[PDB]
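Here you get one chain, nothing else, as structure tokens; it is the form deposited in one PDB entry.
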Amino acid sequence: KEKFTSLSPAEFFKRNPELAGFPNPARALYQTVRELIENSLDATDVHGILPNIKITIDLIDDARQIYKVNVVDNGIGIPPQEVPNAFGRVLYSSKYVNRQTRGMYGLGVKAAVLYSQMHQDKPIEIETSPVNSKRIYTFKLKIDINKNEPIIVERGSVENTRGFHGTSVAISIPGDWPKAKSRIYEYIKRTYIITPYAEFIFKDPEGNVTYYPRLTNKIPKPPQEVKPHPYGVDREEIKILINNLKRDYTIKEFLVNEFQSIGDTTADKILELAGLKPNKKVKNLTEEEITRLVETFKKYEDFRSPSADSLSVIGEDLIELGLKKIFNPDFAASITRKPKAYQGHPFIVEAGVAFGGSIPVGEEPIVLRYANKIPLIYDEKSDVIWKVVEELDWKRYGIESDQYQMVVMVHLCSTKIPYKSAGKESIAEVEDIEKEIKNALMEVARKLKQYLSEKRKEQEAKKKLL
């Protein structure tokens, strides 16, 4: 006999930790480190703070292979009333607002906590002080998995006599340092290369310390919350927008006020195409009217692009700088494309190419993938970026031979990155994004083609001297 039951979100990820990027102790150790670093970065640069991040990993128990990961930052901290749910309630986040941040699910640190409880018995340790806080608040926490709620094992407070702000998080988990080492270092290095306004200190389980110095004191304009672009906004999103209204808007007012890229004239045209009365109260839209609006948004070809301003890009200068620093190529080029939209979300693709020099020889490019300023490391061959790179005919762009020295970099940034998994690491096959990654790659490949054509012309001239 079939017996029907429900799960809490915590039970769901406890039963299936592989879904959150915790399938084995090597990947788990890596995942915990990056989840904490991403939280610390979102807590600093999103708020105009030059990040100073300290990461330590200690082997606590050799026989059991338990490691303690501690990440300390100079971020905005967390209000003490929010700490228990922030670290101990699955699907709880400050990043569900429409804004480019590394975090997005309200899952990552809880998944590390669940993994922690599944395999050892020490609670997670949080110390935090909000900006201008008179106290440093401390917590020891577990998750009641059935209830999906925090258990406060311990809480305290101490006088903040040094005016410190930020957060320390320490979590004890199974790990495999030897297997995870190269990917943890690659993660931090690739973060650092595109984040020169940050400083990192990293102490590993072998007691090695690496220092990654701040190279610039200029911080990018922090991304902020924005209204959706109408292209690809769906029926449920329309309902959300309507339900959130404090005013009794007409449909016309709703269009101009709740979206980017809609003025009076665009609103009039959308209303005409969708068969909607400008003056009807939007709270009264029917199910079928909502469909018509969503379809109209989808097929409308005259929308202005989203503002480049919901997003934070790496930028052509830095992309090129970083490719040169790491690979010492004969040639490098990059492009930061103009903003597009997919499913209501502004996005930008940036692309870079490096060729020759110290880049090793192979039969395929080295592909460097980033999403919202996070370097992607695992699962590359199923990423949509890899799909696009593989499908491009490099013979069209001057790559004559089967063996060559090329690096290709792609950064996607958006108010929402569509990952294939909650562990992130790879980007899903979304058609508008796929198309724009291709256009961007084609644009830099054209700069490569020019470089290779000039080299070829020189060679041809030299050939005549023979």
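Just count from 1 along the sequence shown to find any residue number. We call the rigid core whatever largest set of C-alpha positions still superposes within 1.5 Å between the two forms.
Keep in mind the form deposited in another entry is missing from the figure; the text below concerns it.
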The residue to pick from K95, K203, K179, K140, given a Cα shift of 2 Å or more between this form and the one not shown after core fitting, is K95
*Does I76 count as moved between this form and the one not shown, where moved means a C-alpha shift of 2 angstroms or more after fitting the rigid core?*
no
Check your understanding: Hey, does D121 budge by 2 Å or more at the Cα between this form and the one not shown once the core is superposed?
Key -> no
(message) Please state whether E159 has a C-alpha shift of 2 Å or more between this form and the one not shown, with the rigid core used for the fit.
(response) no
In the other form the CA atoms of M104 and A371, compared with here and shifted by at least 3 Å, lie closer
Relative to the shown structure, Cα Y187 and Cα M104 in the other form (3 Å or more change) are closer
